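S.K.: Supplied structure: start-v1.txt, compact mmCIF, C-alpha atoms.
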# COMPACT_ATOMS: atom_id res chain seq x y z
CA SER A 1 -0.02 -20.20 -23.52
CA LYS A 2 1.06 -22.51 -20.70
CA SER A 3 1.00 -22.90 -16.92
CA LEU A 4 2.57 -20.21 -14.75
CA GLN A 5 5.89 -21.83 -13.83
CA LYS A 6 7.68 -19.96 -11.07
CA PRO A 7 11.24 -18.88 -11.84
CA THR A 8 13.81 -21.00 -10.03
CA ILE A 9 15.90 -19.56 -7.24
CA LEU A 10 19.56 -20.21 -7.88
CA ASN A 11 20.99 -18.10 -5.07
CA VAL A 12 20.13 -15.86 -2.14
CA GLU A 13 22.69 -13.58 -0.44
CA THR A 14 22.46 -10.81 2.14
CA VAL A 15 23.69 -7.67 0.38
CA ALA A 16 22.89 -5.05 3.01
CA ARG A 17 21.83 -4.95 6.63
CA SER A 18 20.81 -1.91 8.66
CA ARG A 19 19.37 -1.98 12.18
CA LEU A 20 15.84 -2.61 10.92
CA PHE A 21 16.37 -3.41 7.24
CA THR A 22 18.07 -6.46 5.75
CA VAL A 23 18.15 -6.65 1.95
CA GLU A 24 18.85 -9.84 0.02
CA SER A 25 19.96 -10.43 -3.58
CA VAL A 26 18.05 -13.14 -5.43
CA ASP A 27 19.31 -15.02 -8.44
CA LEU A 28 16.47 -16.16 -10.63
CA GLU A 29 16.04 -18.29 -13.70
CA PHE A 30 12.64 -17.76 -15.26
CA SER A 31 10.99 -20.58 -17.19
CA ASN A 32 11.92 -19.05 -20.56
CA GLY A 33 15.59 -19.30 -19.64
CA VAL A 34 16.16 -15.59 -18.83
CA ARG A 35 18.39 -15.06 -15.79
CA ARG A 36 18.15 -12.06 -13.48
CA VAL A 37 19.12 -10.74 -10.05
CA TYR A 38 16.43 -9.25 -7.81
CA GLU A 39 16.80 -7.31 -4.55
CA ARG A 40 14.17 -7.62 -1.83
CA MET A 41 13.51 -7.25 1.89
CA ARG A 42 14.37 -10.44 3.79
CA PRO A 43 11.06 -12.28 4.07
CA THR A 44 9.40 -12.41 7.49
CA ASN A 45 6.32 -14.10 8.97
CA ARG A 46 5.69 -11.05 11.16
CA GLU A 47 2.24 -9.64 10.31
CA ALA A 48 0.62 -6.29 10.92
CA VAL A 49 -2.70 -5.16 12.28
CA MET A 50 -4.65 -1.98 11.50
CA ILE A 51 -7.50 -0.87 13.74
CA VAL A 52 -10.56 1.05 12.63
CA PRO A 53 -12.46 2.11 15.75
CA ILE A 54 -16.03 3.39 15.41
CA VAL A 55 -17.79 5.16 18.32
CA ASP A 56 -20.76 7.54 17.98
CA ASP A 57 -21.12 7.23 14.26
CA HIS A 58 -17.53 8.45 14.04
CA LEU A 59 -14.17 7.04 12.96
CA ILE A 60 -11.34 7.46 15.48
CA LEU A 61 -8.37 8.51 13.32
CA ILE A 62 -4.95 9.51 14.66
CA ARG A 63 -2.24 11.96 13.66
CA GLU A 64 1.27 10.45 13.53
CA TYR A 65 4.62 11.75 12.34
CA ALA A 66 6.13 9.73 9.48
CA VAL A 67 9.87 10.18 8.98
CA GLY A 68 9.74 8.78 5.44
CA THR A 69 7.89 11.86 4.13
CA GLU A 70 8.80 14.04 7.14
CA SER A 71 5.18 15.00 7.79
CA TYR A 72 2.14 14.27 9.96
CA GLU A 73 -0.05 11.57 8.50
CA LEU A 74 -3.78 11.31 9.23
CA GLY A 75 -4.99 7.71 9.39
CA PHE A 76 -5.83 4.47 11.10
CA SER A 77 -3.86 3.10 14.03
CA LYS A 78 -1.36 0.50 12.82
CA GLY A 79 0.78 -1.97 14.78
CA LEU A 80 2.59 -5.32 14.73
CA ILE A 81 1.02 -8.61 15.80
CA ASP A 82 3.08 -10.27 18.56
CA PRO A 83 4.10 -13.92 18.11
CA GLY A 84 1.36 -16.01 19.70
CA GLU A 85 -1.29 -13.27 19.51
CA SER A 86 -4.48 -13.50 17.45
CA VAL A 87 -5.59 -10.64 15.16
CA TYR A 88 -8.25 -9.80 17.76
CA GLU A 89 -5.80 -9.86 20.68
CA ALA A 90 -3.28 -7.69 18.84
CA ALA A 91 -5.94 -5.23 17.63
CA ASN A 92 -7.23 -4.78 21.19
CA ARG A 93 -3.72 -4.32 22.60
CA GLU A 94 -2.62 -1.74 20.00
CA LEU A 95 -5.88 0.21 20.27
CA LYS A 96 -5.22 0.38 23.99
CA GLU A 97 -1.64 1.63 23.67
CA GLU A 98 -2.31 4.30 21.02
CA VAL A 99 -5.90 5.41 21.55
CA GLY A 100 -6.55 4.49 25.17
CA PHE A 101 -9.55 2.24 24.52
CA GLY A 102 -10.22 -1.51 24.42
CA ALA A 103 -13.06 -2.90 22.27
CA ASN A 104 -15.65 -5.56 23.10
CA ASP A 105 -16.55 -6.01 19.43
CA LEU A 106 -13.64 -6.68 17.08
CA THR A 107 -14.29 -7.94 13.57
CA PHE A 108 -11.56 -9.15 11.22
CA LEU A 109 -12.35 -7.75 7.80
CA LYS A 110 -9.47 -8.56 5.49
CA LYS A 111 -5.82 -9.51 5.04
CA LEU A 112 -3.83 -7.46 2.53
CA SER A 113 -0.34 -8.07 1.13
CA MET A 114 2.04 -5.09 1.01
CA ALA A 115 4.18 -4.64 -2.11
CA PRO A 116 5.00 -8.30 -2.77
CA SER A 117 7.82 -7.55 -5.22
CA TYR A 118 10.03 -6.47 -2.32
CA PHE A 119 8.01 -7.40 0.79
CA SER A 120 6.17 -10.40 2.20
CA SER A 121 4.40 -8.62 5.02
CA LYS A 122 0.69 -9.06 5.69
CA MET A 123 -1.73 -6.40 6.96
CA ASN A 124 -4.84 -7.36 8.95
CA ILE A 125 -7.75 -4.91 8.99
CA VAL A 126 -9.91 -4.99 12.10
CA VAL A 127 -13.00 -2.87 12.86
CA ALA A 128 -13.32 -1.94 16.57
CA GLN A 129 -16.73 -1.38 18.19
CA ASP A 130 -18.23 -1.11 21.70
CA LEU A 131 -15.27 0.70 23.22
CA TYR A 132 -14.25 1.05 26.86
CA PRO A 133 -11.46 3.11 28.41
CA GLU A 134 -8.21 1.26 29.17
CA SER A 135 -4.58 2.26 28.67
CA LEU A 136 -1.38 0.39 27.95
CA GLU A 137 2.07 1.98 27.56
CA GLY A 138 2.99 2.04 23.88
CA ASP A 139 6.49 3.34 22.99
CA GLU A 140 5.46 6.58 21.29
CA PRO A 141 7.88 9.50 21.40
CA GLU A 142 5.01 12.01 21.42
CA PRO A 143 1.24 11.85 21.87
CA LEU A 144 -1.04 10.87 18.98
CA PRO A 145 -3.76 13.46 18.47
CA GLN A 146 -7.11 11.72 17.88
CA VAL A 147 -9.63 12.94 15.30
CA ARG A 148 -13.32 11.92 15.30
CA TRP A 149 -14.60 11.65 11.70
CA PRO A 150 -18.29 11.25 11.00
CA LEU A 151 -19.32 8.04 9.22
CA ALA A 152 -21.81 10.06 7.16
CA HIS A 153 -18.86 11.96 5.60
CA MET A 154 -16.26 9.17 5.55
CA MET A 155 -15.57 9.67 1.86
CA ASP A 156 -14.50 13.30 2.47
CA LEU A 157 -11.29 11.75 3.88
CA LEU A 158 -10.20 11.22 0.24
CA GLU A 159 -9.81 15.02 -0.02
CA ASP A 160 -7.09 15.06 2.64
CA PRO A 161 -3.62 14.30 1.26
CA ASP A 162 -2.43 13.48 4.79
CA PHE A 163 -4.74 10.44 4.69
CA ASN A 164 -4.28 9.25 1.09
CA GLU A 165 -1.97 6.23 1.71
CA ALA A 166 -2.86 2.85 0.12
CA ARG A 167 -3.47 1.06 3.44
CA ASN A 168 -5.77 3.75 4.83
CA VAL A 169 -7.70 4.06 1.52
CA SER A 170 -8.05 0.28 1.20
CA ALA A 171 -9.38 0.12 4.76
CA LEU A 172 -11.75 3.06 4.33
CA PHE A 173 -13.42 1.43 1.32
CA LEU A 174 -13.48 -2.03 2.94
CA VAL A 175 -15.06 -0.65 6.13
CA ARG A 176 -17.68 1.20 4.10
CA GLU A 177 -18.63 -1.95 2.11
CA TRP A 178 -18.94 -3.75 5.46
CA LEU A 179 -21.05 -0.89 6.91
CA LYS A 180 -23.22 -0.99 3.77
CA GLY A 181 -23.78 -4.66 4.57
CA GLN A 182 -25.78 -3.78 7.70
CA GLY A 183 -26.99 -0.39 6.47
CA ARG A 184 -25.11 1.81 8.97
CA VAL A 185 -23.66 3.69 6.02
CA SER B 1 -4.37 22.92 23.25
CA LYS B 2 -1.32 23.34 21.00
CA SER B 3 -0.77 22.94 17.25
CA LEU B 4 1.39 20.15 15.80
CA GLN B 5 5.08 21.07 15.63
CA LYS B 6 7.13 18.81 13.39
CA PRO B 7 10.27 17.25 14.83
CA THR B 8 13.60 18.86 13.99
CA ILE B 9 15.89 16.65 11.88
CA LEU B 10 19.11 16.49 13.87
CA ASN B 11 21.07 14.39 11.37
CA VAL B 12 20.63 12.18 8.32
CA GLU B 13 23.16 9.45 7.44
CA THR B 14 23.36 6.69 4.81
CA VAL B 15 23.64 3.48 6.87
CA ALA B 16 23.29 0.86 4.15
CA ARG B 17 23.24 0.75 0.37
CA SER B 18 22.47 -2.18 -1.91
CA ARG B 19 21.89 -1.93 -5.69
CA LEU B 20 18.34 -0.63 -5.40
CA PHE B 21 18.04 0.14 -1.71
CA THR B 22 19.61 2.96 0.28
CA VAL B 23 18.63 3.07 3.94
CA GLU B 24 19.12 6.18 6.03
CA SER B 25 19.38 6.77 9.78
CA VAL B 26 17.48 9.86 10.94
CA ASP B 27 18.17 11.63 14.21
CA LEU B 28 15.01 13.38 15.43
CA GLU B 29 14.18 15.80 18.20
CA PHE B 30 10.43 16.00 18.82
CA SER B 31 8.57 19.08 20.10
CA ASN B 32 8.69 17.67 23.60
CA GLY B 33 12.53 17.42 23.47
CA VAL B 34 12.36 13.64 23.04
CA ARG B 35 15.22 12.44 20.86
CA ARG B 36 15.06 9.31 18.71
CA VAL B 37 16.87 7.62 15.83
CA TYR B 38 14.63 6.26 13.05
CA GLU B 39 15.58 4.33 9.90
CA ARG B 40 13.99 4.94 6.49
CA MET B 41 14.46 4.50 2.76
CA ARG B 42 16.38 7.37 1.17
CA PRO B 43 13.69 9.78 0.01
CA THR B 44 13.07 10.12 -3.71
CA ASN B 45 10.83 12.38 -5.77
CA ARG B 46 10.68 9.54 -8.31
CA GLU B 47 6.98 8.76 -8.72
CA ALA B 48 5.15 5.65 -9.82
CA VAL B 49 2.19 5.16 -12.11
CA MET B 50 -0.49 2.47 -12.12
CA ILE B 51 -2.72 1.84 -15.14
CA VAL B 52 -6.22 0.38 -15.09
CA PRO B 53 -7.15 -0.27 -18.73
CA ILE B 54 -10.85 -0.88 -19.51
CA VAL B 55 -11.85 -2.41 -22.87
CA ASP B 56 -15.23 -4.10 -23.47
CA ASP B 57 -16.61 -3.60 -20.00
CA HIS B 58 -13.57 -5.60 -18.88
CA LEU B 59 -10.57 -4.72 -16.71
CA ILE B 60 -7.20 -5.69 -18.27
CA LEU B 61 -5.27 -7.22 -15.32
CA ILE B 62 -1.81 -8.77 -15.52
CA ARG B 63 -0.04 -11.67 -13.79
CA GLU B 64 3.47 -10.85 -12.57
CA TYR B 65 6.13 -12.60 -10.53
CA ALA B 66 6.99 -11.01 -7.15
CA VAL B 67 10.29 -12.10 -5.60
CA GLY B 68 9.32 -10.76 -2.18
CA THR B 69 6.62 -13.47 -1.88
CA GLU B 70 7.97 -15.88 -4.52
CA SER B 71 4.66 -15.99 -6.34
CA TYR B 72 2.58 -14.55 -9.13
CA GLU B 73 0.44 -11.61 -8.14
CA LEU B 74 -2.73 -10.83 -10.15
CA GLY B 75 -3.26 -7.07 -10.54
CA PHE B 76 -2.79 -3.77 -12.34
CA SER B 77 0.25 -2.80 -14.37
CA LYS B 78 2.68 -0.67 -12.36
CA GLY B 79 5.69 1.38 -13.47
CA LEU B 80 7.91 4.37 -12.80
CA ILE B 81 7.40 7.85 -14.25
CA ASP B 82 10.67 8.79 -15.97
CA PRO B 83 12.14 12.21 -15.18
CA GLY B 84 10.38 14.67 -17.49
CA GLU B 85 7.29 12.59 -18.25
CA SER B 86 3.79 13.60 -17.20
CA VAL B 87 1.43 11.01 -15.66
CA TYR B 88 -0.25 10.68 -19.05
CA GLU B 89 3.03 10.08 -20.87
CA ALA B 90 4.28 7.50 -18.40
CA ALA B 91 0.97 5.69 -18.29
CA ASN B 92 0.75 5.42 -22.06
CA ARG B 93 4.35 4.26 -22.40
CA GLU B 94 4.21 1.61 -19.65
CA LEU B 95 0.93 0.25 -21.00
CA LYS B 96 2.65 -0.08 -24.41
CA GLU B 97 5.69 -1.86 -23.02
CA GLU B 98 3.81 -4.22 -20.70
CA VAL B 99 0.51 -4.95 -22.48
CA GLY B 100 1.06 -3.81 -26.05
CA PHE B 101 -1.57 -1.08 -26.17
CA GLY B 102 -1.38 2.71 -26.01
CA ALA B 103 -4.57 4.62 -25.12
CA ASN B 104 -6.37 7.67 -26.52
CA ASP B 105 -8.21 8.32 -23.25
CA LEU B 106 -6.16 8.50 -20.05
CA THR B 107 -7.59 9.83 -16.82
CA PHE B 108 -5.58 10.69 -13.74
CA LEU B 109 -7.74 9.53 -10.87
CA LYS B 110 -5.77 9.98 -7.64
CA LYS B 111 -2.26 10.06 -6.15
CA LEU B 112 -1.37 7.99 -3.06
CA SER B 113 1.55 7.43 -0.69
CA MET B 114 2.66 3.97 0.47
CA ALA B 115 3.75 3.60 4.11
CA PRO B 116 5.20 7.08 4.51
CA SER B 117 6.99 6.09 7.74
CA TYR B 118 9.73 4.39 5.73
CA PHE B 119 9.01 5.21 2.08
CA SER B 120 8.32 8.49 0.32
CA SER B 121 7.40 7.39 -3.18
CA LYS B 122 3.92 8.16 -4.41
CA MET B 123 1.75 6.26 -6.87
CA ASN B 124 -0.41 7.85 -9.56
CA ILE B 125 -3.56 5.89 -10.49
CA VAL B 126 -4.52 6.28 -14.14
CA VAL B 127 -7.55 4.84 -15.97
CA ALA B 128 -6.84 4.00 -19.64
CA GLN B 129 -9.59 3.76 -22.29
CA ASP B 130 -9.87 3.70 -26.09
CA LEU B 131 -6.89 1.43 -26.66
CA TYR B 132 -4.96 0.91 -29.89
CA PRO B 133 -2.33 -1.76 -30.58
CA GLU B 134 1.23 -0.47 -30.27
CA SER B 135 4.12 -2.28 -28.61
CA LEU B 136 7.24 -0.93 -26.93
CA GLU B 137 10.22 -2.76 -25.39
CA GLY B 138 10.19 -3.01 -21.59
CA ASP B 139 12.56 -4.65 -19.11
CA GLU B 140 10.40 -7.62 -18.12
CA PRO B 141 12.20 -10.97 -18.13
CA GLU B 142 9.08 -12.89 -19.15
CA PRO B 143 5.86 -11.84 -20.86
CA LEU B 144 2.93 -10.84 -18.65
CA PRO B 145 -0.18 -12.93 -19.11
CA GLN B 146 -3.28 -10.75 -19.42
CA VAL B 147 -6.60 -11.28 -17.71
CA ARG B 148 -9.85 -9.67 -18.87
CA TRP B 149 -12.02 -9.17 -15.76
CA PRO B 150 -15.66 -8.17 -16.14
CA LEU B 151 -16.60 -4.81 -14.65
CA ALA B 152 -19.97 -6.33 -13.75
CA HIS B 153 -18.00 -8.49 -11.26
CA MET B 154 -14.91 -6.38 -10.39
CA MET B 155 -15.59 -6.86 -6.69
CA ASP B 156 -15.01 -10.62 -7.13
CA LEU B 157 -11.29 -9.79 -7.37
CA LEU B 158 -11.30 -9.34 -3.55
CA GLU B 159 -11.83 -13.10 -3.33
CA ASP B 160 -8.42 -13.73 -4.93
CA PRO B 161 -5.48 -13.68 -2.51
CA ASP B 162 -3.16 -13.03 -5.48
CA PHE B 163 -4.83 -9.63 -5.97
CA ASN B 164 -5.38 -8.57 -2.35
CA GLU B 165 -2.64 -5.96 -1.98
CA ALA B 166 -3.23 -2.37 -0.78
CA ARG B 167 -2.35 -0.66 -4.08
CA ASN B 168 -4.55 -2.98 -6.13
CA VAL B 169 -7.48 -2.70 -3.68
CA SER B 170 -7.37 1.09 -3.53
CA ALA B 171 -7.20 1.24 -7.30
CA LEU B 172 -10.17 -1.14 -7.59
CA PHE B 173 -12.43 0.93 -5.29
CA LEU B 174 -11.47 4.32 -6.72
CA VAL B 175 -12.07 3.10 -10.26
CA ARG B 176 -15.46 1.70 -9.32
CA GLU B 177 -16.31 5.04 -7.66
CA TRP B 178 -15.21 6.85 -10.84
CA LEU B 179 -17.32 4.38 -12.88
CA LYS B 180 -20.29 4.94 -10.53
CA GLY B 181 -20.08 8.65 -11.32
CA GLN B 182 -21.19 8.05 -14.92
CA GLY B 183 -23.13 4.88 -14.20
CA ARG B 184 -21.05 2.34 -16.15
CA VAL B 185 -20.83 0.33 -12.93
Reformat the file's structure so that it appears as C-alpha cells.

M.R.:
Amino acid sequence: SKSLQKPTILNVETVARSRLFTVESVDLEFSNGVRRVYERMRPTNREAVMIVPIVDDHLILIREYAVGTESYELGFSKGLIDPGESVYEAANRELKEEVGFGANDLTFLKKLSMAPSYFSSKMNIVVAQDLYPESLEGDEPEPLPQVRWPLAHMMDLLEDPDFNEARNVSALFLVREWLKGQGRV
Amino acid sequence: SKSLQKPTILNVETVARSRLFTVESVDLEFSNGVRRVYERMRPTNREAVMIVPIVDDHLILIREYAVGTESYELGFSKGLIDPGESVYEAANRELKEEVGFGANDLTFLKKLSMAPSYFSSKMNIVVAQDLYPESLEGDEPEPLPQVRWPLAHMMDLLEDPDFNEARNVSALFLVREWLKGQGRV
C-alpha cells in the first residue's frame, strides 16, 4: 500500500492520422517496472458544451443522425466551445444555431470527462432558461427536429433507446437534481 | 410534416488503422440530397460491461490509470464482453480478474451507447452483490487499488474530478434509482 505513482512516459509517436482523428502510441513504464504500449487519441484542450433548454415545463430535445450507429439519436444539443468563448457564450451560440433560440438564463451545472483512457475531452453541461427567438447558421446537413418533453415525465426518457447515451443520461439526472434543488421537479 | 428518412450510405472506406483503432470515411446522401463525408470508428458489435459491486452498504470503486489524460481515474470497473459470454458471465469474470471477487447476485440494470456519432460500442451496467473471494488473471499492468464508498454518501463522488466521467455518473444515478426502488438508499 503506497502512493499512486503515475507510470512514466518513455515515448509518444503518431501511429495514425485521419482527417479528424490522430492516434498516438504511448510507451509507459509503470511504477512496478511493467512496460506497456498504449494507443490513444491525441490530447486536445478543445472542450465541449451540451445545452439543456427548458421552456414551459418542457425539455427541448433534438433528433440528430449519428453515423457511428447509423441511426437517429434523441438527445440534448451538443457543440464545441470556440477558443476564447466562455461556457455561457458557447452554450448561447450553439442553442441559437441548432434550436433557433438564445437564452437569458444560462447556468453551468457540471464538467464531465469523456473516456479518459483514450480521450482528454471535457463536456460542459449548461441549463438554458428564459428563451428568446434568434437564429445563427450552424453547418447542419439537414434540419434537427425538436421534441418538447414534459419535466413531469423526464424519467420516461430512460425508456427510449434513442436517448440512452452516457452524456444525455448523465445530464438528465444532473438537471433533475438541480431542479429538485428549487422544487420545480 | 414528413417522417425521418435515414441517409443513404454511399460508400464506406478504411482511412486509417492503428493497433486498436480503425477509422472509416463514410459518404452520405441525406433525404434532402445533401451529400457529406463523415469519419467514424469502424463499427463493432463488441459490447462492454461495467460492474458496480455493493458490499456492506459500500460501493467498491477502483483507481485506474488513463493514458488519455495521464492520470488516475476513480470509478467503476469496466471491461469487454467476450464473444459468447452473457452480461452476467462477463461481469462475474471481470470482477474476478480486477477485484478478486465473483458474485452470486448480478443484476443487469441498463445498456447505454457512448457518443454514437463516432462510436458504436454499447456499455452494459451490472450491479454485483453477495460477493465471494475468487481471483482470475487479467491483463492489467499494475494492481487496482480498491475504494469502499458509503452508499449513504454516494452522491459525494460528484465532488471528485477523478470520478466525474459520463459513464461513471450515469452508473451512479441509475444504481441509486435502483436502490431507491427497494429503499436501501

S.K.: Considering all atoms listed in the file, return as an mmCIF file with C-alpha atoms, in the frame of the given file whatever protein or nucleic-acid residues lie within 12 Å of residue 161 in chain A, sequence-local ones (same chain, fewer than 2 positions apart) excluded.

M.R.:
data_model
loop_
_atom_site.group_PDB
_atom_site.id
_atom_site.type_symbol
_atom_site.label_atom_id
_atom_site.label_comp_id
_atom_site.auth_asym_id
_atom_site.auth_seq_id
_atom_site.Cartn_x
_atom_site.Cartn_y
_atom_site.Cartn_z
ATOM 1 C CA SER A 71 5.180 15.000 7.790
ATOM 2 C CA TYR A 72 2.140 14.270 9.960
ATOM 3 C CA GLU A 73 -0.050 11.570 8.500
ATOM 4 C CA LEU A 74 -3.780 11.310 9.230
ATOM 5 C CA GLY A 75 -4.990 7.710 9.390
ATOM 6 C CA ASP A 156 -14.500 13.300 2.470
ATOM 7 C CA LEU A 157 -11.290 11.750 3.880
ATOM 8 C CA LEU A 158 -10.200 11.220 0.240
ATOM 9 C CA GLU A 159 -9.810 15.020 -0.020
ATOM 10 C CA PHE A 163 -4.740 10.440 4.690
ATOM 11 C CA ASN A 164 -4.280 9.250 1.090
ATOM 12 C CA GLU A 165 -1.970 6.230 1.710
ATOM 13 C CA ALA A 166 -2.860 2.850 0.120
ATOM 14 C CA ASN A 168 -5.770 3.750 4.830
ATOM 15 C CA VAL A 169 -7.700 4.060 1.520
ATOM 16 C CA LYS B 110 -5.770 9.980 -7.640
ATOM 17 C CA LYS B 111 -2.260 10.060 -6.150
ATOM 18 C CA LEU B 112 -1.370 7.990 -3.060
ATOM 19 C CA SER B 113 1.550 7.430 -0.690
ATOM 20 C CA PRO B 116 5.200 7.080 4.510
ATOM 21 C CA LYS B 122 3.920 8.160 -4.410
#

S.K.: Around range 8-18 of chain B, fit a box with edges along x, y and z, padding it by 5 Å on each side, then list its centre and edge lengths in Å to one decimal as AutoDock Vina command-line options.

M.R.:
--center_x 18.6 --center_y 8.3 --center_z 6.0 --size_x 20.0 --size_y 31.0 --size_z 25.9

S.K.: Between A:10, A:126, A:61, A:66, which residue has the minimum interatomic distance to chain B, considering only C-alpha atoms?

M.R.: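 For chain B, the nearest of the given residues is A:66.
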
S.K.: Which residue gives the smallest distance to residue 93 in chain B among B:31, B:135, B:44, B:5, with only C-alpha atoms counted?

M.R.: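 So, comparing all the options, the nearest one is B:135.
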
S.K.: So that I can see what lies close to residue 137 in chain B, please list as number ranges by chain the residues with an atom at most 10 Å from it, counting only C-alpha atoms and leaving out residues fewer than 4 positions away in the same chain.

M.R.: B: 93-94, 96-98, 100

S.K.: What does the structure give for the distance between CA of residue 140 in chain B and CA of residue 172 in chain B, in Å to one decimal?

M.R.: 24.0 Å

S.K.: Show which residues sit within 9 Å of residue 9 in chain B, as an MDAnalysis selection string. Count all atoms listed in the file, and ignore same-chain residues fewer than 6 positions away.

M.R.: (chainID A and resid 70) or (chainID B and resid 26:30)

S.K.: May I have the residues from that selection written out with C-alpha atoms, as a PDB file, in the coordinates of the input?

M.R.:
ATOM      1  CA  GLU A  70       8.800  14.040   7.140  1.00  0.00           C
TER       2      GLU A  70
ATOM      3  CA  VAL B  26      17.480   9.860  10.940  1.00  0.00           C
ATOM      4  CA  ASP B  27      18.170  11.630  14.210  1.00  0.00           C
ATOM      5  CA  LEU B  28      15.010  13.380  15.430  1.00  0.00           C
ATOM      6  CA  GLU B  29      14.180  15.800  18.200  1.00  0.00           C
ATOM      7  CA  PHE B  30      10.430  16.000  18.820  1.00  0.00           C
TER       8      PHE B  30
END

S.K.: What is the CA of residue 89 in chain A-CA of residue 115 in chain B distance in Å, reported with one decimal?

M.R.: 23.4 Å

S.K.: I need the residue nearest residue 78 in chain B from this list: B:63, B:2, B:176, B:58. Use all atoms listed in the file for the distance.

M.R.: B:63

S.K.: Go ahead and compute the interatomic distance for CA of residue 117 in chain A and CA of residue 45 in chain B, in Å to one decimal.

M.R.: 20.2 Å

S.K.: Tell me, as a PyMOL selection string, which residues lie within 12 Å of residue 84 in chain B, counting only C-alpha atoms; anything in the same chain fewer than 4 positions away does not count.

M.R.: chain B and resi 45-47+80+88-90

S.K.: Would you mind telling me which residue in A:23, A:55, A:99, A:147 lies nearest to chain B when using all atoms listed in the file?

M.R.: A:23

S.K.: At a cut-off of 6 Å, using only C-alpha atoms, what residues contact range 103-105 of chain A? Leave out same-chain residues fewer than 5 positions from it and give the result as a PyMOL selection string.

M.R.: chain A and resi 128-131

S.K.: From the options B:114, B:59, B:106, B:52, which residue's atoms come nearest to chain A, counting all atoms listed in the file?

M.R.: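 Under the stated criterion, the closest residue is B:114.
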
S.K.: From the set A:180, A:153, A:167, A:40, which residue has the shortest atom-to-atom contact distance to residue 67 in chain B, counting all atoms listed in the file?

M.R.: A:40

S.K.: List as JSON, numbers by chain the residues having at least one atom at most 10 Å from position (7.3, -14.1, -19.0) as given in the file, counting all atoms listed in the file.

M.R.: {"A": [4, 5, 6, 7, 30, 31, 32, 33, 34], "B": [63, 64, 65, 140, 141, 142, 143, 144, 145]}

S.K.: So that I can look at just that part, could you write range 98-130 of chain A with C-alpha atoms, as a compact mmCIF listing (two decimals), in the first residue's frame?

M.R.:
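Output saved as decode-v2.txt:
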# COMPACT_ATOMS: atom_id res chain seq x y z
CA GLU A 98 -29.38 24.30 -33.70
CA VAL A 99 -32.62 25.24 -31.95
CA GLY A 100 -33.18 28.82 -33.05
CA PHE A 101 -33.31 30.32 -29.55
CA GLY A 102 -30.97 32.35 -27.32
CA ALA A 103 -31.30 32.15 -23.51
CA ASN A 104 -31.20 34.94 -20.93
CA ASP A 105 -30.63 32.47 -18.10
CA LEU A 106 -27.75 30.04 -18.57
CA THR A 107 -26.45 28.03 -15.63
CA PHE A 108 -23.29 25.93 -15.73
CA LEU A 109 -24.06 22.69 -13.95
CA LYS A 110 -21.09 20.38 -14.36
CA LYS A 111 -17.95 19.41 -16.26
CA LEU A 112 -17.61 15.75 -17.24
CA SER A 113 -14.60 13.89 -18.67
CA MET A 114 -15.23 11.58 -21.64
CA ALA A 115 -13.49 8.19 -21.66
CA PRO A 116 -10.12 9.28 -20.22
CA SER A 117 -8.31 6.08 -21.22
CA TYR A 118 -8.33 7.22 -24.85
CA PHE A 119 -9.66 10.81 -24.69
CA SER A 120 -8.94 14.01 -22.79
CA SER A 121 -12.02 15.91 -23.88
CA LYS A 122 -14.24 17.78 -21.42
CA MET A 123 -18.02 18.18 -21.62
CA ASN A 124 -19.77 21.19 -20.06
CA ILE A 125 -23.44 20.85 -19.14
CA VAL A 126 -25.47 24.05 -19.27
CA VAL A 127 -29.17 24.50 -18.46
CA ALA A 128 -30.90 27.13 -20.67
CA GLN A 129 -33.86 29.17 -19.40
CA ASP A 130 -35.80 32.31 -20.36
